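Working notes, beginning with the structure itself.
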Amino acid sequence: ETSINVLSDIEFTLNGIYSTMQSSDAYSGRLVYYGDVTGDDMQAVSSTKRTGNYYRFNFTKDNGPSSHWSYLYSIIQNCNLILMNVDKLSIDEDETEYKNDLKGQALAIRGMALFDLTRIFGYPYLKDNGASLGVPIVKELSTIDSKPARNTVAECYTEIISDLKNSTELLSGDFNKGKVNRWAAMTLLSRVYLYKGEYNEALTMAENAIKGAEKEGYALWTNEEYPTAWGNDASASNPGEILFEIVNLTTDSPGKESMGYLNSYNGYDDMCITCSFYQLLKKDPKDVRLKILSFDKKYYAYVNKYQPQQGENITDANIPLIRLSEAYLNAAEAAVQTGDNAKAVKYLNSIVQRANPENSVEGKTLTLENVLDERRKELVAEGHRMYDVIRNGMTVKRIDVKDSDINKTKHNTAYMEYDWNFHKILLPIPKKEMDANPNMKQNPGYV
Ligand SMILES: [Ca+2]
């Protein structure tokens with residue numbers, strides 16, 4: 001009289017999880033754009049745009065969004081459902097790998113979801129070695145009586161790393177369209193290690209993610225492919241470089257609040273690049289990433305990474321959530337941070353030279369800032385920038401510079417410079433949670 005009796009129930013539960021992740025309130029929108037419009041390289045096009053209140057840090061405890069919280073905990077609950085049951089199922093010898101991968105998917109997803117909750121609602125690990133409040137670690141199934149208190153950021157990372165590490169030992173390395181695989185999980189785990197300052201472990205995981213994905217036939221998009229590769233429909237025979245893709249379909253659409261519709265002047269004209277980022281990017285006019293900018297006349301430049309597949313509306317563009325390019329940048333960062341310049345130059349040069357083969361960082365003693373300056377060009381509109389500055393104890397500095405190629409783009413915010421002491425880099429705990437859970441403590445500066 002329960003929901004998991006046979007393996008296919010696990011597959012059904014995973015399908016539900018991926019369908020939840022596809023929402024524009026989850027990984028087809030809000031969970032992606034958060035780290036861009038709270039940074040320095042993208043902004044809301046106006047205060048009344050969907051991204052406006054995030055860009056302006058305009059939320060209060062009384063009006064803050066609840067979707068990040070609800071969607072991620074929904075996902076975690078179904079992962080728990082799988083994880084509490086999957087090992088009890090008796091299966092055939094020849095279903096073992098398949099079952100191991102299903103369990104690995106659930107573990108990777110739980111780690112991802114708890115990582116997102118922790119970075120959204122808790123101060124960065126390296127501020128105080130995870131001493132601040134993260135969120136509740138929920139590993140079983142909720143009932144009406146469940147009223148957990150927030151664990152620490154450190155405790156959360158313990159769980160995040162444990163789930164992801166274990167997933168890397170269970171997940172298949174095969175191409176798996178719209179699903180998490182070994183190389184995607186290793187790449188995320190490398191990111192999680194960087195945020196924690198575990199650079200040796202970050203480096204090992206990024207390097208192995210690359211070696212494994214490339215043996216499997218994934219490859220960085222060439223300079224020639226880059227401008228249009230985003231609209232390809234990858235397959236096992238042509239994987240491209242996306243290691244985990246959110247698949248959106250004409251017949252299964254996330255709607256007009258998706259990245260595809262927000263990042264387009266044919267959509268909601270919602271979020272664009274800042275002038276300072278345009279000026280940084282165009283310092284090298286042969287940088288191939290200039291070719292994924294879509295200009296609304298001479299007013300705004302949108303990041304045209306959410307390219308619909310053939311026949312589709314921009315609404316149903318897939319989300320390139322984890323890319324091989326990030327494993328390269330993670331390895332570069334971890335190399336710098338462990339004092340291996342040779343290795344940093346090796347990995348960084350692959351990104352640099354794909355953007356423009358006439359450039360090289362050979363002969364440079366690479367700095368963290370050098371690596372992050374490449375990373376911001378590569379990962380613009382994919383949800384990284386604010387976190388990457390803030391996690392490193394750096395100050396986000398919005399620059400009010402003008403450019404005549406994008407002459408309507410200008411900052412419009414009270415908040416131009418901020419670091420990990422700014423209380424609004426964290427969303428407040430949603431009111432519905434505060435109202436329903438008396439063991440829930442609000443983030444500082446809000447109450
Ligand atoms: Ca699509």
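Whatever order the structure lists them in is the order used to number ligands and atoms, beginning at 1. The first residue of the sequence shown is numbered 1, and numbering continues consecutively from there.
- Ion pairing between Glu201 and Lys165 fails under the 4.0 Å rule for side-chain N and carboxylate O.
- Within the 3.5 Å criterion, the main-chain N or O of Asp40 finds a donor-acceptor partner in the side chain of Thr274.
- None of the N, O or S atoms belonging to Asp233 lies under 3.0 Å away from the Ca ion (ligand 1).
- Residue contact annotation: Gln309 places an N/O/S atom under 3.0 Å from the Ca ion (ligand 1).
- Angle OE2(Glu312) to the Ca ion (ligand 1) to O(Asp316): 100° [nearest 10 degrees].
- Classification of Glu159 and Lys139 as a salt-bridged pair holds, one side-chain N sitting under 4.0 Å from a carboxylate O.
- Centred on the Ca ion (ligand 1), the OD1 atom of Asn318 and the O atom of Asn248 lie at an angle of 80°, reported to 10°.
- The aromatic ring centroids of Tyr299 and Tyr265 lie 6.0 Å or more from each other.
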